[PDB]
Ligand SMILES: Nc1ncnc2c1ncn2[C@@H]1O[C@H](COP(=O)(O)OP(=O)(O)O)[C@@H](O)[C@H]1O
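Here's a solo chain for you in structure tokens, the form deposited without the ligand.
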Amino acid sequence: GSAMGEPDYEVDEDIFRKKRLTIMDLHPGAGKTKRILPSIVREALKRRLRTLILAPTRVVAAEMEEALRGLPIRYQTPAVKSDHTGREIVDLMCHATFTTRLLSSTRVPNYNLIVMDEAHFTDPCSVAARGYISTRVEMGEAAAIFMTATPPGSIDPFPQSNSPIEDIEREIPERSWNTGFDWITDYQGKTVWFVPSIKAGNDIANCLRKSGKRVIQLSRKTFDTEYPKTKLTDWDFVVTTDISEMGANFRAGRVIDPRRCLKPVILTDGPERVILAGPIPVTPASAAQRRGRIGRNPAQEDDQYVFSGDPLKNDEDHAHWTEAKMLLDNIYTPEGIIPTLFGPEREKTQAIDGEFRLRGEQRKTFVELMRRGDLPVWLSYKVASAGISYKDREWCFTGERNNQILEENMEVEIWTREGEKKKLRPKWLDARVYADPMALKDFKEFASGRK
């Protein structure tokens, strides 16, 4: 047993048995990170188990280190720095880092125990990782623990909280406003506002700042300097991407959740291509996770979750289900086996077994295009499977007429490393590399041969 705040002295021994996959479904804020995780890790250490801990984001990683502080843990994330002497038997990294290590070489330790926090996270690398982990368990090589307040089959956007939550439906601005939304700025407490993009985040944040509001902007690019600022009292608004969807312990009184996002979609009508569809509603799980950022403190009972619209459960057309298979078809166990998807995540699309398996230099190229090229999984797969090498940028120029990239209604031209001038016209179209002007800038760099 334990007191409210401390980890339990007693841990069930059956969670450590090879062949056991434990799904731990608790409600948001039930001490999964501050109590449960350190109990598990302390007991893993006493059992001398080679242990892997997985966080979906650097936000969760940061929160885990707070709870695990003092334990001999090798942190493999830029989010945490600590004194490591490479004799640690416990490793901690992000979901996607692990999948990257599995795909690279880089040989991965033979973990006896794997703890995946936020095991519902649908990023393709995270889906692929659960495939690998559930296969290790099934082979009898590991025990694993999947922890999530919103497991597969979650439908409830309004789950249990530690403190009452006032759920309010209101129209929420997706852009700057001049009037008509006084309730946003009249509110006297702290707000966490979820935005689908950094562009929208910048625009919303500037609007609030000119209303005399103190705003912290949180996303992948600003995490390092701005996340520690959220722990101060010094702010009115955190305007955040879903970097903060899970785990975050803001000291807020209100969440604003527009409940919408862009979705990458693979089109099969004509030449295969990726578009950014929407905005469309987020899933019930995302909505519940965002709402879970408040109602966490029993002494503070008037927290609000302000939202717009219903969530949308069906995400079967999302590119992540295909991209997860593209990754997993190229991951192996030391025994040679290609892992299968975690049970509940099978048949999300119709996915001929092994159809994404790449051979030799193609697999290496695939990995290179993702981690050096900064290209999406689908586009990386398409280029690599064509037998194109990483530094061969010819495919950026040889597409059909309709694949010509336009920026400000003008045909994009590229000046190559060798000094040729060529129209940017990729053989394969993935909206993720050209839609946002910043992504286009990066993709132009790649087409040039400067990446």
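In this text, residue numbers run from 1 along the sequence as written.
Below: the form solved in complex with the ligand, not depicted.
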### Option touching the ligand, based on a heavy atom within 4.5 Å in the deposited bound form, out of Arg42, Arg58, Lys422, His27
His27
#### Entry: Position in contact with the ligand when the complex is considered in the deposited bound form, options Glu413, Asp392, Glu66, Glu400, heavy atoms within 4.5 Å
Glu66
### Message
Can you tell me if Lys32 lies within 4.5 angstroms of the ligand in the deposited bound form, counting non-hydrogen atoms only?
### Response
yes
### Query
Heavy atoms within 4.5 Å of the ligand in the deposited bound form: does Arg273 have any?
no
### Query
Using heavy atoms and a 4.5 Å limit, would one call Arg251 a contact residue for the ligand in the deposited bound form?
yes
### Message
Can you tell me whether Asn162 touches the ligand? I mean in the deposited bound form, with a 4.5 angstroms heavy atom cut-off.
### Response
yes
### One stretch from 422-430, 34-42, 383-391, 404-412 that, in the deposited bound form, holds residues within 4.5 Å of the ligand by heavy atom
34-42
